[PDB]
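Listing of query09.cif; format and content: mmCIF, C-alpha atoms.
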data_my_file
loop_
_atom_site.label_atom_id
_atom_site.label_comp_id
_atom_site.auth_asym_id
_atom_site.auth_seq_id
_atom_site.Cartn_x
_atom_site.Cartn_y
_atom_site.Cartn_z
CA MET A 1 8.46 -14.09 -9.16
CA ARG A 2 5.87 -15.81 -6.93
CA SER A 3 2.84 -17.55 -8.45
CA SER A 4 0.89 -18.62 -5.34
CA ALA A 5 -2.82 -19.37 -5.90
CA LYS A 6 -4.21 -17.65 -2.79
CA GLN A 7 -7.90 -16.85 -2.10
CA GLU A 8 -7.39 -13.17 -3.04
CA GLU A 9 -9.94 -13.87 -5.83
CA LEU A 10 -13.01 -14.87 -3.77
CA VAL A 11 -12.72 -11.36 -2.25
CA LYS A 12 -12.59 -9.34 -5.52
CA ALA A 13 -15.39 -11.47 -6.91
CA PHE A 14 -17.52 -11.11 -3.71
CA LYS A 15 -17.25 -7.28 -3.51
CA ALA A 16 -17.83 -6.99 -7.29
CA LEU A 17 -20.98 -9.20 -7.32
CA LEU A 18 -22.55 -7.08 -4.55
CA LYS A 19 -21.56 -3.73 -6.12
CA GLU A 20 -23.27 -4.80 -9.40
CA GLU A 21 -26.64 -4.71 -7.50
CA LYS A 22 -28.28 -7.94 -8.73
CA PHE A 23 -28.28 -10.50 -5.88
CA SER A 24 -31.20 -10.23 -3.45
CA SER A 25 -30.02 -12.91 -0.96
CA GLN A 26 -27.02 -14.94 0.29
CA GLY A 27 -27.93 -18.18 -1.54
CA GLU A 28 -28.19 -16.11 -4.75
CA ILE A 29 -24.52 -14.97 -4.62
CA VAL A 30 -23.55 -18.44 -3.24
CA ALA A 31 -24.63 -20.06 -6.54
CA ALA A 32 -23.27 -17.13 -8.63
CA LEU A 33 -19.66 -17.61 -7.43
CA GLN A 34 -19.91 -21.36 -8.22
CA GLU A 35 -20.53 -20.36 -11.87
CA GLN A 36 -17.70 -17.77 -11.72
CA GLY A 37 -15.05 -20.30 -10.68
CA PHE A 38 -15.23 -21.01 -6.93
CA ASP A 39 -15.96 -24.58 -5.76
CA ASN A 40 -15.25 -23.55 -2.15
CA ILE A 41 -18.42 -21.56 -1.40
CA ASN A 42 -21.57 -22.20 0.68
CA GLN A 43 -24.36 -20.35 2.58
CA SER A 44 -22.07 -20.02 5.64
CA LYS A 45 -19.17 -18.63 3.52
CA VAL A 46 -21.49 -16.04 1.93
CA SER A 47 -23.23 -15.06 5.21
CA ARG A 48 -19.80 -14.80 6.90
CA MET A 49 -18.39 -12.65 4.06
CA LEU A 50 -21.48 -10.36 4.19
CA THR A 51 -20.96 -9.72 7.92
CA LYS A 52 -17.12 -9.62 7.55
CA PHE A 53 -17.04 -7.18 4.60
CA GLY A 54 -20.11 -5.30 5.89
CA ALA A 55 -22.53 -5.29 2.94
CA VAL A 56 -25.94 -3.54 2.98
CA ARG A 57 -29.39 -4.39 1.54
CA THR A 58 -30.72 -1.44 -0.51
CA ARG A 59 -33.28 -0.58 -3.21
CA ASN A 60 -31.70 -0.57 -6.70
CA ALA A 61 -32.78 1.24 -9.91
CA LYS A 62 -36.09 -0.72 -10.00
CA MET A 63 -36.73 -0.55 -6.21
CA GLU A 64 -35.55 -4.17 -5.73
CA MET A 65 -34.03 -4.76 -2.27
CA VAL A 66 -30.65 -6.25 -3.24
CA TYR A 67 -27.23 -6.61 -1.59
CA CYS A 68 -24.70 -3.84 -2.33
CA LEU A 69 -21.42 -2.52 -0.93
CA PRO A 70 -21.07 0.77 1.05
CA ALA A 71 -17.84 2.85 1.28
CA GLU A 72 -14.47 1.05 0.87
CA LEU A 73 -14.53 -1.66 3.56
CA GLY A 74 -12.62 -4.96 3.41
CA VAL A 75 -9.22 -4.37 1.78
CA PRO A 76 -7.36 -7.61 0.71
CA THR A 77 -4.56 -8.28 3.23
CA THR A 78 -5.51 -11.17 5.59
#
Translate this structure into structure tokens?
Amino acid sequence: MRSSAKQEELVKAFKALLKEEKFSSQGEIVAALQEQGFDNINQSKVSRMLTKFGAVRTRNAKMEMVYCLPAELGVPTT
């Protein structure tokens, strides 16, 4: 019985957005999360999360170089 609104959402959202293979830059996912429901996001937050989580830029179904997520890296805990 503990309803504490912690930032364990910005992490599920971040990893999910990347794994969908749509965003081709930081600023792209920066704006995306603002539409999702995060008013605490900027270019530094997105560039920091990319380096922190360890995302990779790869060619998708249509050869577009977009941001995606490799093997399980960045489990919610801290």
### Task
Excluding residue 16 in chain A and any residue of its chain fewer than 6 positions from it, enumerate the residues within 12 Å of it, using only C-alpha atoms, and give them as a PyMOL selection string.
chain A and resi 9-10+22-23+29+32-33+36+53+55+67-70+72
### Task
I would like the residues chosen by the PyMOL selection byres ((chain A and resi 45) around 12) on the shown file; could you give them as an NGL selection string?
:A and (10-11 or 14 or 26-27 or 29-31 or 33 or 38-44 or 46-53)
Just C-alpha atoms for this one: save the residues we selected as a compact mmCIF listing (two decimals), in the frame of the given file.
# COMPACT_ATOMS: atom_id res chain seq x y z
CA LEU A 10 -13.01 -14.87 -3.77
CA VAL A 11 -12.72 -11.36 -2.25
CA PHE A 14 -17.52 -11.11 -3.71
CA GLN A 26 -27.02 -14.94 0.29
CA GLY A 27 -27.93 -18.18 -1.54
CA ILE A 29 -24.52 -14.97 -4.62
CA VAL A 30 -23.55 -18.44 -3.24
CA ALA A 31 -24.63 -20.06 -6.54
CA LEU A 33 -19.66 -17.61 -7.43
CA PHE A 38 -15.23 -21.01 -6.93
CA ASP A 39 -15.96 -24.58 -5.76
CA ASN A 40 -15.25 -23.55 -2.15
CA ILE A 41 -18.42 -21.56 -1.40
CA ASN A 42 -21.57 -22.20 0.68
CA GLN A 43 -24.36 -20.35 2.58
CA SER A 44 -22.07 -20.02 5.64
CA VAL A 46 -21.49 -16.04 1.93
CA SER A 47 -23.23 -15.06 5.21
CA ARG A 48 -19.80 -14.80 6.90
CA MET A 49 -18.39 -12.65 4.06
CA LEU A 50 -21.48 -10.36 4.19
CA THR A 51 -20.96 -9.72 7.92
CA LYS A 52 -17.12 -9.62 7.55
CA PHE A 53 -17.04 -7.18 4.60
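Nearest residue to residue 8 in chain A among A:65, A:57, A:77, A:20 is A:77, counting all atoms listed in the file.
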Build an axis-aligned box that encloses every atom of range 58-71 of chain A listed in the file, pad it by 6 Å on each side, and report its centre and edge lengths in Å to one decimal, as JSON.
{"center_x": -27.3, "center_y": -1.9, "center_z": -4.4, "size_x": 30.9, "size_y": 21.5, "size_z": 23.3}
### Task
Choose the residue, out of A:4, A:60, A:34, A:78, that has the smallest atom-to-atom separation from residue 19 in chain A; count all atoms listed in the file.
A:60
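Here CA of residue 61 in chain A is placed at a distance of 13.3 Å from CA of residue 24 in chain A.
Across the structure, CA of residue 62 in chain A and CA of residue 74 in chain A are spaced 27.4 Å apart.
Our summary of the geometry notes that CA of residue 21 in chain A is positioned 28.0 Å from CA of residue 5 in chain A.
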Generate the missing atoms of range 17-35 of chain A up to N, CA, C and O atoms and report them as a PDB file, in the frame of the given file.
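File produced: rebuild.pdb:
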ATOM      1  N   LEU A  17     -19.607  -8.663  -7.195  1.00  0.00           N
ATOM      2  CA  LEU A  17     -20.980  -9.200  -7.320  1.00  0.00           C
ATOM      3  C   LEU A  17     -22.001  -8.305  -6.603  1.00  0.00           C
ATOM      4  O   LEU A  17     -23.044  -7.961  -7.163  1.00  0.00           O
ATOM      5  N   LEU A  18     -21.684  -7.938  -5.363  1.00  0.00           N
ATOM      6  CA  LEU A  18     -22.550  -7.080  -4.550  1.00  0.00           C
ATOM      7  C   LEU A  18     -22.706  -5.686  -5.180  1.00  0.00           C
ATOM      8  O   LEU A  18     -23.817  -5.190  -5.349  1.00  0.00           O
ATOM      9  N   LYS A  19     -21.575  -5.079  -5.546  1.00  0.00           N
ATOM     10  CA  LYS A  19     -21.560  -3.730  -6.120  1.00  0.00           C
ATOM     11  C   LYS A  19     -22.296  -3.633  -7.473  1.00  0.00           C
ATOM     12  O   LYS A  19     -22.721  -2.544  -7.868  1.00  0.00           O
ATOM     13  N   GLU A  20     -22.510  -4.772  -8.145  1.00  0.00           N
ATOM     14  CA  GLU A  20     -23.270  -4.800  -9.400  1.00  0.00           C
ATOM     15  C   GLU A  20     -24.784  -4.587  -9.153  1.00  0.00           C
ATOM     16  O   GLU A  20     -25.515  -4.188 -10.068  1.00  0.00           O
ATOM     17  N   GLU A  21     -25.231  -4.862  -7.914  1.00  0.00           N
ATOM     18  CA  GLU A  21     -26.640  -4.710  -7.500  1.00  0.00           C
ATOM     19  C   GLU A  21     -27.566  -5.624  -8.315  1.00  0.00           C
ATOM     20  O   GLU A  21     -28.318  -5.165  -9.182  1.00  0.00           O
ATOM     21  N   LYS A  22     -27.492  -6.922  -8.023  1.00  0.00           N
ATOM     22  CA  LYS A  22     -28.280  -7.940  -8.730  1.00  0.00           C
ATOM     23  C   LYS A  22     -28.800  -9.012  -7.769  1.00  0.00           C
ATOM     24  O   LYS A  22     -29.947  -9.448  -7.884  1.00  0.00           O
ATOM     25  N   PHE A  23     -27.948  -9.435  -6.834  1.00  0.00           N
ATOM     26  CA  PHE A  23     -28.280 -10.500  -5.880  1.00  0.00           C
ATOM     27  C   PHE A  23     -29.115  -9.979  -4.718  1.00  0.00           C
ATOM     28  O   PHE A  23     -28.745  -9.014  -4.052  1.00  0.00           O
ATOM     29  N   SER A  24     -30.244 -10.645  -4.480  1.00  0.00           N
ATOM     30  CA  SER A  24     -31.200 -10.230  -3.450  1.00  0.00           C
ATOM     31  C   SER A  24     -31.124 -11.088  -2.174  1.00  0.00           C
ATOM     32  O   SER A  24     -31.894 -10.872  -1.237  1.00  0.00           O
ATOM     33  N   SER A  25     -30.195 -12.042  -2.132  1.00  0.00           N
ATOM     34  CA  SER A  25     -30.020 -12.910  -0.960  1.00  0.00           C
ATOM     35  C   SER A  25     -28.632 -13.556  -0.958  1.00  0.00           C
ATOM     36  O   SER A  25     -27.872 -13.432  -1.922  1.00  0.00           O
ATOM     37  N   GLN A  26     -28.304 -14.238   0.144  1.00  0.00           N
ATOM     38  CA  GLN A  26     -27.020 -14.940   0.290  1.00  0.00           C
ATOM     39  C   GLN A  26     -26.923 -16.094  -0.717  1.00  0.00           C
ATOM     40  O   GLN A  26     -26.073 -16.078  -1.604  1.00  0.00           O
ATOM     41  N   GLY A  27     -27.868 -17.029  -0.628  1.00  0.00           N
ATOM     42  CA  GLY A  27     -27.930 -18.180  -1.540  1.00  0.00           C
ATOM     43  C   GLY A  27     -27.818 -17.824  -3.024  1.00  0.00           C
ATOM     44  O   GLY A  27     -27.314 -18.617  -3.823  1.00  0.00           O
ATOM     45  N   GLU A  28     -28.266 -16.613  -3.382  1.00  0.00           N
ATOM     46  CA  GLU A  28     -28.190 -16.110  -4.750  1.00  0.00           C
ATOM     47  C   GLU A  28     -26.727 -15.897  -5.186  1.00  0.00           C
ATOM     48  O   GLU A  28     -26.310 -16.369  -6.245  1.00  0.00           O
ATOM     49  N   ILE A  29     -25.947 -15.212  -4.338  1.00  0.00           N
ATOM     50  CA  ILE A  29     -24.520 -14.970  -4.620  1.00  0.00           C
ATOM     51  C   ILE A  29     -23.681 -16.233  -4.344  1.00  0.00           C
ATOM     52  O   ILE A  29     -22.623 -16.420  -4.952  1.00  0.00           O
ATOM     53  N   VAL A  30     -24.202 -17.144  -3.502  1.00  0.00           N
ATOM     54  CA  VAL A  30     -23.550 -18.440  -3.240  1.00  0.00           C
ATOM     55  C   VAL A  30     -23.435 -19.233  -4.547  1.00  0.00           C
ATOM     56  O   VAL A  30     -22.350 -19.685  -4.921  1.00  0.00           O
ATOM     57  N   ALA A  31     -24.566 -19.354  -5.251  1.00  0.00           N
ATOM     58  CA  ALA A  31     -24.630 -20.060  -6.540  1.00  0.00           C
ATOM     59  C   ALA A  31     -23.843 -19.313  -7.624  1.00  0.00           C
ATOM     60  O   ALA A  31     -23.129 -19.935  -8.413  1.00  0.00           O
ATOM     61  N   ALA A  32     -23.954 -17.978  -7.636  1.00  0.00           N
ATOM     62  CA  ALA A  32     -23.270 -17.130  -8.630  1.00  0.00           C
ATOM     63  C   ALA A  32     -21.756 -17.384  -8.673  1.00  0.00           C
ATOM     64  O   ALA A  32     -21.192 -17.612  -9.744  1.00  0.00           O
ATOM     65  N   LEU A  33     -21.106 -17.380  -7.503  1.00  0.00           N
ATOM     66  CA  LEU A  33     -19.660 -17.610  -7.430  1.00  0.00           C
ATOM     67  C   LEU A  33     -19.271 -19.032  -7.871  1.00  0.00           C
ATOM     68  O   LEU A  33     -18.170 -19.247  -8.374  1.00  0.00           O
ATOM     69  N   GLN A  34     -20.189 -19.997  -7.749  1.00  0.00           N
ATOM     70  CA  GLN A  34     -19.910 -21.360  -8.220  1.00  0.00           C
ATOM     71  C   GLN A  34     -19.797 -21.381  -9.754  1.00  0.00           C
ATOM     72  O   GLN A  34     -18.997 -22.131 -10.317  1.00  0.00           O
ATOM     73  N   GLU A  35     -20.568 -20.505 -10.411  1.00  0.00           N
ATOM     74  CA  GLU A  35     -20.530 -20.360 -11.870  1.00  0.00           C
ATOM     75  C   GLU A  35     -19.305 -19.548 -12.308  1.00  0.00           C
ATOM     76  O   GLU A  35     -18.751 -19.787 -13.381  1.00  0.00           O
TER      77      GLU A  35
END
